[PDB]
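In the deposited numbering, the protein residues as written are 323 to 613. Everything below concerns the one structure shown next.
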Ligand SMILES: Cc1cc2c(cc1[C@@H](CC(=O)O)c1ccc3ccc(OCC(=O)NC4CCCCCC4)cc3c1)OCO2
Ligand SMILES: [Cl-]
């Protein structure tokens, strides 16, 4: 369990960013590591077999905007990024979940297309394959895995921001709707802690949110928990040592450098550190420290 860092990749401030930085919750330290080959915001991060994966996003630059189908893998042992097989389609504002060593890429946009499509990556074969699409097109979708089931939460379908959510059952290759959230949320941070799927922040169509709600898979209910100290949309999120960490985002005025930590035992959020600069739209994941 020791020696794990919170990695933040990419993001957005004025333009899409190539930063890879790692935070050590045990000593407060930040490390700047190998840049992404291509700056990207709206990407997702995940970890399989100790490798950090950056999936999709968009390169926003003064010389254009390209939605990304890329899957790039970072090895902390080498501090090197390597290209992996690309997805079938570009996916900006994607969500990602891992089940049994496989990466699921969910939704996202390509130009004006809002995807319902979903695809699954097999590291052992370096191949992607499409699976059943969601019941709703979703960009800015939050994705988490609980009990080897994949959840897609909120987002924007091209016309409406969503409070709906749905669950993918891999052995049936089938999506089913679940209880909708109490709040419409696009660009929320979604993760799993204990038996619950948490949805923190986001945009409801009018304001950035500091509210946080959690879905109990047993009771099929969403319940609000303590709100964040800051309103945040397009925030990064991960879980580390039984706590939720939220990184950055946009509060309606500033791109935040704040990192907050939620303790479920006290139902409190605390400010724990600041990123090296404010940004939104980052990919976040946890893996061993580099060398
Ligand atoms: C969440 C959101 C907030 C907004 C908004 C549009 C959205 C949605 C889309 C929607 O509701 O159609 C959204 C959802 C998920 C995202 C995930 C990543 C992501 O990275 C690129 C990025 O970081 N851009 C930033 C520039 C400043 C304003 C836009 C949002 C932040 C963007 C995301 C955007 O318009 C202004 O506030
Ligand atoms: Cl964008």
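Even for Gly, the Cβ is constructed at its ideal location relative to N, Cα and C.
- CA-to-CA, the gap between residue 591 and residue 533 works out to about 11 Å.
- Distance between residue 447 and residue 588, taken at the CA atoms: about 44 Å.
- Within the same chain, 360, 362, 365, 378, 379, 380, 381, 412, 413, 414 come within 8 Å of residue 390 by CB-CB distance, once the 5 residues on both sides are set aside.
- In this model, residue 325 and residue 582 are separated by some 20 Å (Cα to Cα).
- According to DSSP, residue 464 shares a beta bridge with 475.
- The beta carbon of residue 547 is closer than 8 Å to those of 520, 534, 535, 536, 584, 586, 589 in its chain, skipping five residues each way along the sequence.
- Close CB contacts of residue 443 within its chain, under the 6 Å cut and outside five residues either way in sequence, are with 425, 450 (chain order).
- Scanning the region 355-439 from its first residue to its last, the whole beta strand (DSSP E) runs of 3-plus residues come out as 366-370, 373-377, 380-383, 386-389, 393-397, 402-406, 417-421, 424-428.
- Relative to ligand 2, the nearest heavy atom lies less than 7 Å away from the CB of residue 382.
- The alpha-carbon separation between residue 346 and residue 405 amounts to approximately 26 Å.
- Cβ contact annotation for residue 514 (same chain, cutoff 8 Å, sequence separation greater than five): 466, 467, 468, 520, 561, in chain order.
- Take the alpha-carbon of residue 373 and the one of residue 550: they are about 30 Å apart.
- Distance between residue 342 and residue 423, taken at the CA atoms: about 23 Å.
- Distances from the CB of residue 546 to the heavy atoms of ligand 1 are all 7 Å or more.
- Residue 329 and residue 501 have their C-alpha atoms spaced approximately 32 Å apart.
- Where residue 346 is concerned, the enclosing beta strand (DSSP E) starts and stops at 342-346.
- Annotated three-state conformation of residue 494 is helix, per DSSP.
- Within 10 angstroms of the beta-carbon of residue 398 lie 16 or more other beta-carbons, which makes it buried.
- Annotation: the continuous beta strand (DSSP E) that includes residue 559 extends over 558-562.
- Taking the Cα positions, residue 612 is about 20 Å away from residue 559.
- When the alpha-carbon of residue 475 is set against those of 481, 499, 375, 516, the nearest one is in 499.
- For residue 606, the enclosing beta strand (DSSP E) stretches over residues 605-610.
- Going by beta carbons, residue 459 and residue 436 fall inside the 8 Å limit.
- Its Cα nearest to that of residue 524, the residue 504 stands out among 440, 396, 504, 370.
- The C-alpha of residue 349 is placed about 17 Å away from the C-alpha of residue 566.
- Boundaries of the beta strand (DSSP E) around residue 451: 449-453.
- When DSSP states are grouped into helix, strand and coil, residue 483 belongs to the strand group.
- Contact between residue 358 and residue 383 is absent: CB atoms are separated by about 13 Å, not below the 8 Å threshold.
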